[PDB]
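> following this: a sequence and the matching experimental structure.
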Amino acid sequence: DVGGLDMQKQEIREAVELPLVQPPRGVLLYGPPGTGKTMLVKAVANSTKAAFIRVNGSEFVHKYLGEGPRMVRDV
Amino acid sequence: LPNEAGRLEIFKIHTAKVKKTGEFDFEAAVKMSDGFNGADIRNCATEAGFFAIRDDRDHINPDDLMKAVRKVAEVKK
Amino acid sequence: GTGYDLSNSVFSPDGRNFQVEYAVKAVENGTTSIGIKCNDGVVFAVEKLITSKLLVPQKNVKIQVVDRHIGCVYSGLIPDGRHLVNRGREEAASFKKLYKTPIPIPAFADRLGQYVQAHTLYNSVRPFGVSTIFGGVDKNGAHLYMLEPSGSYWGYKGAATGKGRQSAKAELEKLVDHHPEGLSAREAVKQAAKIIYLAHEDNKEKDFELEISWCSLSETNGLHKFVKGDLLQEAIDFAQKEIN
Amino acid sequence: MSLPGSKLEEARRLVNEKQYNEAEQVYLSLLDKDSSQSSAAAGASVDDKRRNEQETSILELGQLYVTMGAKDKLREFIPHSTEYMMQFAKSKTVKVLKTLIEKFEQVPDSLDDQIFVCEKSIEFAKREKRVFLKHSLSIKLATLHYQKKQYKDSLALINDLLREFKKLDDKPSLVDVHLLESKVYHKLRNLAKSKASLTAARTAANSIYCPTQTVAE
Amino acid sequence: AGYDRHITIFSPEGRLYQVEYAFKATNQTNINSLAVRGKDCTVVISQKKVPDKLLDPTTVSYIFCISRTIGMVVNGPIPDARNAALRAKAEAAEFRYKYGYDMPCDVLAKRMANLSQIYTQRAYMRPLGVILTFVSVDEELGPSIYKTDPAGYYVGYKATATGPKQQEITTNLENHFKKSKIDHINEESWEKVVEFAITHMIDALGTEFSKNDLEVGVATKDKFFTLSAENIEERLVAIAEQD
Amino acid sequence: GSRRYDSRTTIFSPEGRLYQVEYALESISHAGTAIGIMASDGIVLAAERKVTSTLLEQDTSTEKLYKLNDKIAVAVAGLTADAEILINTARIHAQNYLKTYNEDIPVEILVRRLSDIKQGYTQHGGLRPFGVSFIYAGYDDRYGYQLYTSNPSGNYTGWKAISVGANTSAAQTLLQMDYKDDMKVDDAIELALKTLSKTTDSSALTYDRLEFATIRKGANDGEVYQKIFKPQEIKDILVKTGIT
Amino acid sequence: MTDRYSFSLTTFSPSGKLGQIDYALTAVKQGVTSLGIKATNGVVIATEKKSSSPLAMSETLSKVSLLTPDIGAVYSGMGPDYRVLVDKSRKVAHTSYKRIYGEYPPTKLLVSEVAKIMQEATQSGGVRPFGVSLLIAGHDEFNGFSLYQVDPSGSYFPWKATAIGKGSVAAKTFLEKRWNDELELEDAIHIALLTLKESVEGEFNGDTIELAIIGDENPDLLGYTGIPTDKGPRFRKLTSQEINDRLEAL
Amino acid sequence: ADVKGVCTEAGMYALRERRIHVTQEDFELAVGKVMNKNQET
């Protein structure tokens, strides 16, 4: 739904969507996001039918430096 | 920035709604009014207002005005 | 970077020469002085600041004449404009030498602006610290010009330079509105005198002297000449009354 | 008449009016007529831009030649047109020459007249200077052979075309020769070969952009 | 070191910032001007702005008549304008003198561009921060448009504009010209062409203009000249009619 | 003021050095290795075409070995452009000298000629020197074959053999190793080629990567004969070295 | 006034480098990729005509320019620099050669002469090197066709073919791929088209592209007849038509 | 290091081919695909 991402679309698919079935533990999207770039994720995340978790590095900013990573682990 | 039109536009908007004579100089001020903003226009009013309270004017008079106008066109463009 | 100002011909990052702009600084600092193109002709008015009693009245003269039809006056460093003035005096001479005519004001106007601008063109050439109000009657009427160290001058219904120019520019604007007709040189003489005193109110802190010269297609025939004596004294008291 | 539009347009009109064959009297005359300048690129008349516009006919007029079968006429003329765009531009030949012959591959032709003329102009490249994409023609010639189902002819040519296209000649073409070669293999039912060729192509195809058709193919 | 900024020498990137800063002083005067080849003719329209009464408006122009045939409009500091025009004016006569016929427009531009190119390469010379616009009706080329920069760089134009909003006027005409597909206005009378431009000037500036507002000049066969405010108003009259 | 902008080329190091000269020398390190040898019977000239390529045209190309005269040709270490200047000048100078005396210039005279010319920029002008040094190969009446050198500083010496550009010390070592006084040209040829192939920074020493020349009094002679070898000839003699 | 920059503006780095040159090269590399090819029958040069606005008339700008009826030039870099050098090149050719020898210099000398200028810019004070490099092709009687490449270094050397400007690397890469000795100009012409097509991003056509050759003498272009010895210029510039003609031949 | 990428793609091919069994042909493609990248930026 941002047209023409095939190679990249396949790439993610190659990267994750396929290996989800069958090897990387993590994949890097690089570029301006939300450009369709972030849209890649949700679109992928949509199809994927797995439990999706978005995270913001821009979220972990609570004074409680005691919790912090705590769910970052458990999440 | 407002054009000479936009100024004159904003001029008679921000300015003239402060009480002023028709004696108060409408366009010639705008003529000398260049590179001003909407509040700079107001400054133009507000500055003449100094001269107004300096000339005892509720209605701004052209006297108050173009002293300001240049004085407004003085510090910056 | 920085220090773009530190050398003349350099363009500022915004494409400017601050030296000239700095030269403009003393220009304002230059003694407030004005000029007026009346109906037939022009009038040149300048305040002469009296530094001390040891100064001899009338002797140190600001307004300078080019050829016989062109007066010139400038706010700024006196020797500058003088130096420039001479070159103008040269210019017209050459011009007239070639063209047998006294030079048209605009012609004369142009030549200088180049020579000034020339001093904008090199980091080794110190711009001019003056801005000359100048003009006179020429083949077609008169003209009133004030040239900036920028190398910019213009036709002026009225012109003012130096400190009090605002008070001036005020009054000039007024007379424009007072007399969109034009003005008689006499009143042109008179009004300037008022303007000067008014302009002096910025510098009011010290006494001064008033020098006014003029070029009248009528009264000077198109010559450029000083205002003197009674007519001079007239506009004085005329203003010295009107100042109150 | 007498004008780059008129006669050609007449030759166009006399089609629109009736047919090329009446118009051929103008068409043939187009070649027989119209210019004072440049080279004899018309087979009769001496012309420059006109011949290009006579070609403009000769395109249509070619498929009209085909619609006549004067493709057979134009067949032999296709050598001449070569020399005639040689009377203009060797590249312009390669364009129009190919263009024409391909248009003769359109408007159904016997494989022969294609092969016949292809093989002609294929050599007529060489005879001029041209080693250059006579193979392209030869590809089609191979394709003709492929359509002729002469895969021997094809592959033999192809292997040259390959050795040609093997960076002794174009990679973008080298993509396509595989494809034909694959088809060749495929009609020969040599799968890995066809695969390999297609594969080699397909991978090599990624290095450039390929015709959407080719891409689709 | 960092003096490369101050002088004319290749940046570490191979750039001349004095030049690029001179590109600033171009729109510094903030005049949006345009030039269009009419059918037979060429018209330049520009903003004539008068800040002050005490000025002589009539004395205010950036459109300069270089030759009998060639007028030129300038965008940038009036001194450089007053400077450059004379330089040009010197050329044509001398060209005319040397070569027996008036300098065709481009040649001037080509000539003048060299100077900048010189200033470009010369250090102690600063370039001039003006962009120059050369049009006239060239006996061989008829209407012709040439615009030079402080870089010594220039080109012909089907039409062109200059100013802060030059970009938009550019678009407007491009659209119009793409719409027209033709390089020059079809209008025979520059009068229309003037009105045409002013339209598109008013258009692409979204701004109405009075007789004083505009600086206008007219390139005609063998003659360039500039209109009066009346002529301006005269055009302003008919534009008020069509629009 | 102009002062800001002067690199002040000719000014001394606190140690009394000229960094431009230093740096010019430094660029010469980057220059393609060039070698020359005075044999007993002649003088050999070989230099590496540096920065080469396929579509680089070799044959017309000479970037290094240039002929000032039929008794004086030179190899160039440095900017190709800069030398060509001096190259041309020297030729004229020689030609002048010839045209002066109808006799060929003893090489050093021409050498010292260019020497001080370089030195011209050294001691005055605020002008960068040339980034070039030279192998001076010449035959004279007086000393017969003469192999000279120069540096941007203009200081210059004679040589039985010499190398310039990259790998000089390496070459110099190899040269100062393998050379012997009585060497015949053809020996020195390969010897250089040996040194070249070894001092070659690239993989292989190949003709297309080389410029080569010789000064020799031929067998049928009385005209001491300079020759630049054609690429093939170079390639040919390249084989004769066994380098192949 | 009175230029007091008499001192060489570009100075040898502690590393022994001339940055302006390097930066010129930088700017030169920035230049619009432009190519040249020396074939058997002749030489061709090509570049993309750059339109910074369609309002501007591209043809009014010529990046390729004849220096002599057998020699013409092209650059990659700042147009203006290229512009003035052309004139000097043209002039010095007449003066320093023709006005001496009554003819048009062999490609090398003129090239050698041109480069001389560019060097001077590097060395003499008050001036900077030029923002271009030059692909120069010429045919002379004795050396026949030749193709040269001159830098702001004032260095110059021949080519079999080459390209300067941005994509030149990619070009030269493909060039080396494509080039052979026995290439005839037309194929080479076609080759250049192929090659420059890569360096071409926006529209690719004779109106976007500038082509010229060093060909056989052109008596038509001689502008007069009756002289057997002079059969006209070998140089010519190619029409967008001819271009687009061969852009069909793509 | 570049060799690895070739291998990976061969598998990436084969994985996309649904193969823990890799042919030579795959590698032969990855060559390009890597030498794409090798020729790429």
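Great, that's in hand. Numbering: from 1, shown residues only, chains lettered A, B, ... in the order given.

> the helix or strand harbouring residue D:57: what's the following helix or strand?
Per DSSP states H and E: residue D:57 is located in helix D:49-68. Using DSSP H and E, the helix or strand that follows helix D:49-68 in sequence is helix D:71-86.

> quick one: distance of whatever helix or strand comes next after that next one to the chain centre.
Where DSSP H and E defines the elements, the next helix or strand beyond helix D:71-86 is helix D:90-105. Centroid separation between helix D:90-105 and its chain, computed with CA atoms, centre = their mean, to the nearest Å, is 4 Å.

> how far out from the middle of the chain is the first helix or strand past helix D:90-105 going along the chain?
Next along the chain after helix D:90-105, taking DSSP H and E as the criterion, comes helix D:111-128. Counting by CA atoms, centre = their mean, helix D:111-128 is centred 9 Å from the centre of its parent chain.

> wait, does the next helix-or-strand element following helix D:111-128 contact chain G?
Per DSSP H and E, the first helix or strand lying C-terminal to helix D:111-128 is helix D:134-147. No. Against chain G, helix D:134-147 shows no contacts by CB under 8 Å from any CB of the partner chain, the least distance being 11.4 Å. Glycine gets a C-beta too; all of them are placed from N, C-alpha and C.

> report the angle between helix D:134-147 and helix D:90-105.
If you take axes from the mean of the first three to the mean of the last three CA atoms, to 10 degrees, helix D:134-147 sits at 10 degrees to helix D:90-105.

> dump the C-alpha coordinates for the helix or strand harbouring residue B:10 into PDB.
Under the criterion of DSSP H and E, residue B:10 resides in helix B:4-10. Provided in PDB are the C-alpha atoms of helix B:4-10 (Å, rounded to 0.1, in the frame of the first residue of the first chain):
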ATOM      1  CA  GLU B   4       2.600  46.800   0.400                       C
ATOM      2  CA  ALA B   5      -0.900  45.700  -0.300                       C
ATOM      3  CA  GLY B   6      -0.900  43.100   2.500                       C
ATOM      4  CA  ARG B   7       0.600  45.800   4.800                       C
ATOM      5  CA  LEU B   8      -2.000  48.400   3.700                       C
ATOM      6  CA  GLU B   9      -4.500  45.600   4.000                       C
ATOM      7  CA  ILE B  10      -3.300  44.800   7.500                       C
END
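
> I'd like to know which elements it is packed against.
helix B:27-32, helix B:38-55 (3 or more CB pairs under 8 Å, 6 or more residues apart in numbering or on different chains; DSSP states H and E).

> how far out from the middle of the chain is it?
For helix B:4-10, the distance to the chain centre is 11 Å (CA atoms, centre = their mean).

> can you check stretch C:3-18 too?
That offset, for stretch C:3-18, works out to 27 Å (CA atoms, centre = their mean).

> could you do stretch F:167-184 as well?
On CA atoms, centre = their mean, the centre of stretch F:167-184 falls 16 Å from that of its chain.

> and it, anywhere near chain G?
No. Applying CB under 8 Å from any CB, one finds stretch F:167-184 separated from chain G by no less than 14.3 Å.

> which of the residues in that stretch are buried?
Residues F:167, F:168, F:171, F:172, F:174, F:175, F:178, F:179, F:183 are the ones in stretch F:167-184 that count as buried (16 or more other CB atoms under 10 Å in any protein chain shown).

> which helix or strand contains the fifth one?
For residue F:174, the element it lies in under DSSP H and E is helix F:168-178.

> after that helix, which helix or strand is next?
From helix F:168-178, the next helix or strand downstream (DSSP H and E) is helix F:185-199.

> what's the angle between that next one and helix F:168-178?
Going by the same axes, to 10 degrees, helix F:185-199 makes 140 degrees with helix F:168-178.

> buried set for helix F:185-199?
The neighbour-count check on helix F:185-199 (16+ other CB under 10 Å) flags F:185-197, F:199 as buried.

> chain A: helices as residue ranges?
Counting by DSSP state H, chain A has helices at residues A:6-12, A:18-21, A:37-48, A:69-74.

> which residue ranges form the helices in chain E?
Under the criterion DSSP H, chain E contains helices at E:3-6, E:17-28, E:78-99, E:105-121, E:166-180, E:190-205, E:229-242.

> what of chain C?
C:18-29, C:78-99, C:105-118, C:165-178, C:185-203, C:229-242.

> how far out from the middle of the chain is stretch A:9-20?
12 Å.

> now swap in stretch C:125-145 and tell me
That offset, for stretch C:125-145, works out to 7 Å (CA atoms, centre = their mean).

> and that stretch with chain G, contact?
Yes. Judged by CB under 8 Å from any CB, stretch C:125-145 comes into contact with chain G at residue C:125.

> quick one: terminal-to-terminal distance for that stretch?
Chord length of stretch C:125-145, first to last residue, is 24 Å (CA to CA, to the nearest Å).

> got it, and stretch G:201-212?
First-to-last distance for stretch G:201-212 - CA to CA - comes to 21 Å.

> what residues does chain E put near chain F?
Contact residues, chain E versus chain F (CB under 8 Å from any CB): E:3, E:6, E:7, E:123, E:124.

> one more pass at 10 Å, please.
By CB under 10 Å from any CB of the partner chain, the part of chain E that sits against chain F consists of E:1, E:3, E:4, E:6, E:7, E:9, E:123, E:124.

> which of those residues sit farthest apart?
Spatial extent of those (CB to CB) is set by the pair E:1 and E:124 at 18.8 Å.

> which residues touch the helix holding residue B:10?
When contacts are defined by CB atoms under 10 Å, 6 or more residues apart in numbering or on different chains, helix B:4-10 is touched by residues B:1-3, B:11, B:13-15, B:26-27, B:29-31, B:33-42, B:44, E:47, E:49-51, E:206-210, E:213.

> now list the buried members of the residues you listed.
Buried by 16+ other CB under 10 Å: B:2, B:11, B:14-15, B:26, B:29-31, B:33-34, B:36, B:38, B:40-42, B:44, E:47, E:49-50, E:207, E:209, E:213, out of the contacts of helix B:4-10.

> okay, now whichever residue of chain A sits closest to chain G: neighbour count?
As assessed by CB to the nearest CB, chain G sits closest to residue A:4 within chain A, at 17.9 Å. Using other CB atoms under 10 Å in any protein chain shown, residue A:4 has 8 neighbouring residues.

> tell me how far it lies from chain D.
13 Å (CB to the nearest CB, to the nearest Å).

> give me the distance between residue G:5 and residue F:5.
6 Å (CB to CB, to the nearest Å).

> give me the common contacts of the two.
In contact with both residue G:5 and residue F:5: C:123, E:7, E:123, E:124, G:125, G:126, using CB under 10 Å, 6+ apart.

> most neighbours among those, which one?
Across these, neighbour numbers were computed from other CB under 10 Å; residue E:123 holds the maximum, 26 neighbours.
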